[PDB]
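One chain comes next, on its own, written out as structure tokens in the form deposited without the named molecule.
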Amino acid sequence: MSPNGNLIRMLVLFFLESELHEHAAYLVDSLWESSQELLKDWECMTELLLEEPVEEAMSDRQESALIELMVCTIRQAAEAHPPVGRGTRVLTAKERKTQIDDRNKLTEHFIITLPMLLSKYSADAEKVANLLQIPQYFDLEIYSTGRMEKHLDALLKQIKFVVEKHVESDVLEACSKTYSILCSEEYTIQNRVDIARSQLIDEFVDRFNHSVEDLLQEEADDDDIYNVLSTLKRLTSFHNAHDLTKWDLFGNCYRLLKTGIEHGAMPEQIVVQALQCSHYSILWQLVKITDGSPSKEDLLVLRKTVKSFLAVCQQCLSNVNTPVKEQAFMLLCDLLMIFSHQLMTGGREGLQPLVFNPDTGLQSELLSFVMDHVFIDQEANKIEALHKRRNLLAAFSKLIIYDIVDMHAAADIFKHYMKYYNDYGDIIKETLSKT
């Protein structure tokens, strides 16, 4: 009760104070043979997190660590295997028996307790996003079984708060994922979640729409700009895993982008999101068209939409802010690959009118960006920034393989930049091989 609360308080301390375990997931996994009993005392943990002290309280760091540790114990119990990175699969009867029993325990528990955790920590983005990893492990059918409808409502109340309080992409994307989870994994609860969601959305589309109108008609306020971005972010995060086509978001994003080119002064993060949102509208419009049995005009209305958006992305290469360019670029290398001739794979030759081949002028800018923004001259930010430029290239590389840009102009740029490996490589190799 408090004997395990002593052991768990000091386990959080051994994690933080010693750099002997860098990743919580690996620490948990290592103790899991010898200390399963302790690590699945979820009541003990939620207690520590929710109670008020007698003496000695928990510090904001140790609170965070406990939550991260907790989530890893929840995962290891649900999945019944070591975390990704320590893997190697077949269970014994008693192991399989334990898996079910644990899954039941944490579900019943966290259904009750996760809304309370979210409530208490509703403004701590790292913490909130870490807690919202939990419902993916739920035995979701228990929302009927325990007559537990009361706490499904409660989680949904708290998710609605979180999305209303926050703009960080980790938190929002955590909320969206959690909705998808709660939706199409049980009919019993589906209709209930569907409503809280499409209300959540409605309240944000109306807010965004008024903000979009506010911004464009106005000289524009720091608020008019806050309002557009803040709402758009929420909707874009969600638009990835949720089909928001019924609200014509593409139209207003398209205006926002058009204003940013025309008059040249749209704030960078509005432009980036406006793009990403538009792209997700386009993917989802496509998906309904593949799976449906679409007409001549259906295709042609999507075509006009796609060509207007490829145009915007191209023009957005010329935006001063390099984040915009990379987004613009990313979407070009996605879309030119998506609406390539591979769109007539799998007996889908109805889709010919949706195919696009990029023009010379465009291809020359898709080459330009690589010389300008993959291949560049000069802590933690740079190992990260590199993997992105890697991705930008790998995304461009796909276009080159299937001859969607000029493969020869590309490899000429690869020549120009690999020069010193081809002029002095052997020499640098054998030198380094004797030291």
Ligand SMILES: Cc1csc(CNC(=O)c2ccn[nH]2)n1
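Start at 1 and count along the sequence shown; that's the residue number. Throughout, rigid core stands for the largest set of C-alpha atoms superposing within 1.5 Å between the two forms.
- Greater average departure of CA atoms from the shown form, over structures and residues in 8 other deposited structures of this protein after a core fit, characterises 184-192 among 184-192 and 123-131.
- The deposited sequence places 1 to 3 unmodelled residues between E218 and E219.
- The mean C-alpha temperature factor is higher for 347-355 when 347-355 and 269-277 are set side by side.
- Here 180-188 and 208-216 are compared by their mean Cα B-factor, and 180-188 comes out higher.
- The entry lists C-alpha B-factors for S295, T231, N240, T107, and the highest of these is at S295.
- Looking only at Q76, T290, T245, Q133, the residue with the top Cα B factor in the deposited structure is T290.
- In this PDB entry, the Cα temperature factor of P83 sits in the top third of its chain's modelled residues, the highest group.
- Residue-level temperature factors show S59 in the highest third of its chain, judged at the C-alpha atom.
- For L91, the recorded CA temperature factor ranks within the highest third of the chain's modelled residues.
- Sorting the modelled residues of the chain by their CA temperature factor places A174 in the middle third.
- Annotation for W32: CA B-factor lies in the middle third of the chain's modelled residues.
The following text describes the form solved in complex with the named molecule, which does not appear among the structures shown.
- With a 4.5 Å cutoff on heavy atoms, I401 does not count as touching the named molecule in the deposited complex; it lies far away.
- Taking non-hydrogen atoms only, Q363 approaches the named molecule to within 4.5 angstroms in the deposited complex.
- The named molecule in the deposited complex is approached by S368, whose closest heavy atom lies within 4.5 angstroms of it.
- Although the partner is absent here, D406 lies within 4.5 Å of the named molecule in the deposited complex, judged by heavy atoms.
- Residues with any non-hydrogen atom within 4.5 angstroms of the named molecule in the deposited complex fall in just one of 355-363, 92-100, 342-350, 75-83: 355-363.
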